[PDB]
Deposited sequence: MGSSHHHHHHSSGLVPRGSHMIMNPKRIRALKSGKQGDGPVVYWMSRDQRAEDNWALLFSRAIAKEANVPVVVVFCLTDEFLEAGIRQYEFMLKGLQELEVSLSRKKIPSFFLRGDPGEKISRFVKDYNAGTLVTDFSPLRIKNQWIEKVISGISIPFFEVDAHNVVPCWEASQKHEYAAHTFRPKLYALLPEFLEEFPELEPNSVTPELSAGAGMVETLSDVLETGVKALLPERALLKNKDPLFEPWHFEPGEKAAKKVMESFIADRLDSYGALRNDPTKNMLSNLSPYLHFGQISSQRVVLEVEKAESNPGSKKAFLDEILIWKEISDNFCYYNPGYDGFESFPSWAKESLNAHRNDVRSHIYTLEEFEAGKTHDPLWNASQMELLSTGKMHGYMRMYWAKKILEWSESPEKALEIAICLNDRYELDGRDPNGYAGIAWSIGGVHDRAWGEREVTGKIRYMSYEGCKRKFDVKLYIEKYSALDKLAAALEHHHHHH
């Protein structure tokens, strides 16, 4: 009934006479969720209800109010969404490995389902969970069109080798979603406290302007499943046609803007591809866009899955390692610390501008992110430091941060992963180089700089 290559058995065994509970984690949405549909499926063939369980963890302390509210404001809207289909959602606070354990016990779950994520800490949690349960345990890729473990059984060296695999698998996986049928059988803190608690927890780290005013502008992106869908519709109707020709222009904003929604799972990219595919646009712009949400977004999962040190210098390709190592003792033009990068006090004002876009909006322009990471590698004392600075700023300040897409982007920029070797230079070696004067022939750099000049002088 559903394509069963989207399921992997974690733990086998006997079905409890209790509810089917979805350990929701990555795909925080009620529609177009292959994982919650699997849950409803084996629930219905069991005459049991489905419930959903979410577990909140101290990981929010590692980022910002901006993300925590994006996720929490979302989950309030999910709660109404599930409840109106008779699906209870329960919200746990703590370590999954040992609270999902207690839950499975306290409620005698018939079976357990979770979505798929390649992040290391999730594979730790699944382990702590299996060790402590005896009921079955399933994982479902609800996040990729083509399940990650089916797309490829190895690390793909680049897109041109991955892309033929994905598209061969595409006609059998690109399909429509079925309706989420409500519970036939009507079947731990409240959500409002966790929001306010967390906020009081994070306020003293809040980026403030020099006049105590918060730096973040929460209005560029309304959180939520509802909201996500208006973003994609308006993008397919207004911006898709221009995506190819205007995407590399930080002065326009012809991006789809879906990445904070995708990251928190508030929208499936399968619904997106689906709607794009029937859309009558420029074939140029579709291909470019399909390629970003399909090849690049998914090889970003393949990356982390097959490379446990996805955030490490060790996961760069051999040639990139030799090159950067050969240039470790090169004199650097400038050397900034994390904090000088952080507050945009470099000599480059294009760079500082993108540091200001990231600080205030929560979302740096896809093209600028690539310049940003490279001038970090140029102006830091070592690669490993460069890498560690760009991760830290990516996850602290991007709304889409803490994401497979993030590590594999940084790897690309600093370490050449999924890229190729270019003319050898000082410091950066054979890693692909970008310049301010290459930026000038592509967009009106002065316009970008002008937009974010009013922040730097009043940052501290």
Missing C-alpha runs, given along the deposited sequence, first residue counted as 1: 1-21, 209-216, 490-498
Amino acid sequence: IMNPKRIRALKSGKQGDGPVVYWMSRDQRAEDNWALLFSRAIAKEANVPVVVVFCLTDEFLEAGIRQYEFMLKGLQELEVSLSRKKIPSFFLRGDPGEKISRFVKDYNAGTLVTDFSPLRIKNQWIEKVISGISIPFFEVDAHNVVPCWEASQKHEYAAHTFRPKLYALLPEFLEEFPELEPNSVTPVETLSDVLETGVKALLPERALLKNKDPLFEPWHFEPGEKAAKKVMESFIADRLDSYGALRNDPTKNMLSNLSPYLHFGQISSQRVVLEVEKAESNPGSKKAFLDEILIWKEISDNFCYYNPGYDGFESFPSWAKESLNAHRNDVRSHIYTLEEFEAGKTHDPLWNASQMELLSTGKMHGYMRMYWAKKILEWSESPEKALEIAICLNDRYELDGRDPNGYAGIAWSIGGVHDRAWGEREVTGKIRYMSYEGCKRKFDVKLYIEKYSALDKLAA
From here on, numbers count along this sequence of modelled residues.
Mean C-alpha B-factor comparison - 325-333 and 294-302, higher one: 325-333
Mean C-alpha temperature factor, higher of 150-158 and 352-360: 150-158
Selection by C-alpha B-factor (highest) of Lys86, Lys374, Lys122, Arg247: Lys86
Largest Cα B-factor, entry values, listed residues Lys230, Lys73, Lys99, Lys286: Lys99
Third of the chain's Cα B-factor distribution that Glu59 belongs to, per the entry: highest
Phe138 by Cα B-factor - lowest, middle or highest third of the modelled chain: highest
Third assignment of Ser413 from its chain's C-alpha B-factors: lowest
B-factor third for the C-alpha atom of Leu36 within its chain: middle
Relative C-alpha B-factor of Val50, binned into the chain's lowest, middle or highest third: highest
